[PDB]
Every structure is written in structure tokens, then in C-alpha cells.
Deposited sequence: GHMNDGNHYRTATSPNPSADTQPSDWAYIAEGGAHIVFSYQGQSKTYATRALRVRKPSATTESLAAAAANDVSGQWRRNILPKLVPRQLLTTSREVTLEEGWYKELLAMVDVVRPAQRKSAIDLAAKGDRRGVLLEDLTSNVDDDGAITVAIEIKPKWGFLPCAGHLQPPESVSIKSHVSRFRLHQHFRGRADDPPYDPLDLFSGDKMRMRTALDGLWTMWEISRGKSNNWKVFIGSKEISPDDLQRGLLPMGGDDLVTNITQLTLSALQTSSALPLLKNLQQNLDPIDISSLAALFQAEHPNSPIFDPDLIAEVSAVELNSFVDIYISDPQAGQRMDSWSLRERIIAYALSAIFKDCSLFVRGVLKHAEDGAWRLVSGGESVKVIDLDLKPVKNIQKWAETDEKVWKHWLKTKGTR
């Protein structure tokens, strides 16, 4: 339990791995930061959300456990020299096996697993675009990136083996072109975040390109077996049942008074309010489609929840062991980055949404 034994392993926090330790509790990691009351408050409800509410929507098997811990003052200062209270995580990316087995991990940002129905899209000018062009393609185009990326989220969420394979290859392609700086695809080997030139550097029992093939196949197999992708799509869809454009329309009927999604008009969400809605949601997830179901406040809450599952990540872990082979360990797929998003940000989200389809119309067209 000494500070020397923790190894620096890459939001604005720092993570450490117990990857140089002969003690018990070898297979866990530690994250430490280096605070406003309103910030602590929100992070407290997010915790309540993470512990009590979120397991209702996503099965516990696909969730990562965390335990809050108190570290002495001196203890912390020693740990940050080398080149408060923190949290103990599962060490899924580091080398933790007696075997000398090499840990192989992949992080994917799957994006939206669906397209909004034409029947719900508000401005008629935008209907054909949002009904046929994914948010990913729209957002990519807006930032001046390639307007037709090789990765298509609908391929990954399709359930078709050849389609899912094409999506994974597309993720590899963008990773290579971005020289490993793309956030959509991250590969971890020996806890080190790999870049394309690290691949052709021969430091492993497995060659560069042979590693890529097994990683793709390993991930492909893991994603097909897990219910993570079909489950994610339904949460993305149900919590945003009639698109942001119509939800914005509903808001205007209620408050012709004010600008749309005015922050002063949107109250902060309590754990009690949040948990209350999730229970009604579980009772009938597809209720959001009808107009005699969820309230406006509930829809704003639902949409904020939708944003989490839309922007979350998928984690696939494998092991290079022993001839050398790539093998899956336990439940290789996990759904991570599931913290709460501030509900007042819906105004920003609506503005981002209108802006991306408008930019597409202005420069590329209607499809």
C-alpha cells in the first residue's frame, strides 16, 4: 500500500495502475484529480445515478464498479512528484497477470445506432437530411472533416456480421489516418496507448498486422455476443423518441414567453426526480412516441439521458497469452463513460443540432 508501487498510466484527473505491486488487490487501478458547491452537488447526484438508477437501465454485468477511497495528505504529494480522496477502479487496461500475458484493450465510440423518423422531423427543409444522414456524418462535415467517413454507425448497430466488420475496418482506417489521435477508436497494449507506427515496431510476440486482424476478430466476436449494441440503440432511441426538433416545438407551446430551452426555465434534476422518471420509463419504454405519456419536464430529462448513451463508449478487453494467441477474458465488453450530463445543456444541444443540418443543406444538399 505504498505510493512507489503505483504507476502512472495516463477528464482532468490522473490514473494510476497497481502494475508494480506484490500486494493483494493487484487487479485494481486508482484515479486522482490534482471545486464548487454546485459542482459537488451535481457530481453527487451523478453518483446516486451511477450506483442506484443506472443499473436499472443497463445490466450490472456491463457496468464497471468503483469504490471511493480516502488518501492521506502526505501520501498524495509523494504520488504526484514522480514522472485528497480518490476512486479505485477495475484495472482493465494494464498488465496485471502472473502469466506475463499481454493485456489487449479496445475503446470504441459507437455513436448513434439509429436515424430519426421523417414523421417527427420539424422543419420540412431538414427532414430528408436528418432522415438519411447520421449525426456522425453531419458533425464530421461541420468540423471540416471528411463528409463521408469509412465508419458508419448503422453498420455497427445492424447486427449483420459483414456490416459490423466494415464498421470496425472503417474505425481502423480513421485511426490510421489520424495517426491514432481519433477518439472514436483507441487500442491499448500493455497499458500503452498504441499509435500506427508502434504497430510496425516489432516489440511483441505478435506482428503488427497480425495483431490488427485478431483485434478486429476478437472485438467483432465480443460485440456480436453481447447485448450492449442492441441495448444501447433502444436507450438512444426511446429516450429521444420524437427527435430534438419536435421536443423543441413542444417547449415553444408551453413557453411562447421565452427563448427555447432557456436555462433559467430548466430546473436542475434531483436524484429523486431522475429515479422517478426511469421507473416510468421501464414501465413502458416506447411511451415517448405517444403524446399522452411523458411530461415536458420528463422529456427534457429523458433527452439528457439519451445524450449519455449516444456519446458513451464501448470497451473490449483481450489477452495475448503463451505459440501466442489472442483470447477474451470474462465479459470482454463493458459500457463506460456513463456520467450524467447537465440538463441545461439541452439548449446547446438543440443549437448544435440545427446548426449541423443547416450547414449540410447550405454546402452538400438534401441527402
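When the deposited sequence is numbered from 1, the segments without any C-alpha atom are 1 to 20, 31 to 32, 57 to 61, 111 to 129, 369 to 372.
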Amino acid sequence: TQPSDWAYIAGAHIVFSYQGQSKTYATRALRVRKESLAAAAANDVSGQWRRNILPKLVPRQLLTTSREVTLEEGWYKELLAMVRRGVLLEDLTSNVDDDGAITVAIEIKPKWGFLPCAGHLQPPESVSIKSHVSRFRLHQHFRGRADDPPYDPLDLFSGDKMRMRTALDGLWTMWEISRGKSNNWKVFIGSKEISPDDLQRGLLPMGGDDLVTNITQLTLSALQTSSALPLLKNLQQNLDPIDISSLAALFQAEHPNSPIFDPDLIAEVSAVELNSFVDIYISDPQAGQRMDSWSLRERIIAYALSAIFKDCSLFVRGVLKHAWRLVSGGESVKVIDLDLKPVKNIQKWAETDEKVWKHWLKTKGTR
From here on, numbers count along this sequence of modelled residues.
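Taking only CA atoms, the mean B-factor in the PDB entry is higher for 193 to 201 than for the other of 193 to 201 and 102 to 110. In this crystal structure, the stretch out of 74 to 82 and 271 to 279 whose C-alpha atoms carry the higher mean B factor is 74 to 82. Highest C-alpha temperature factor among 52, 61, 46, 313, as the PDB entry reports it: 61.
Comparing C-alpha B-factors across 231, 260, 154, 247 in the deposited entry, the largest value falls on 260.
Per-chain ranking of the deposited C-alpha B factor places residue 186 in the lowest third. The PDB entry assigns residue 135 a C-alpha temperature factor belonging to the lowest third of its chain's modelled residues. In the PDB entry, residue 178 places in the middle third of its chain by CA B-factor. Compared with the other modelled residues of the chain, the Cα B-factor recorded for residue 159 ranks in the middle third. Among the modelled residues of its chain, residue 14 has a C-alpha B-factor that falls in the highest third according to the deposited record.
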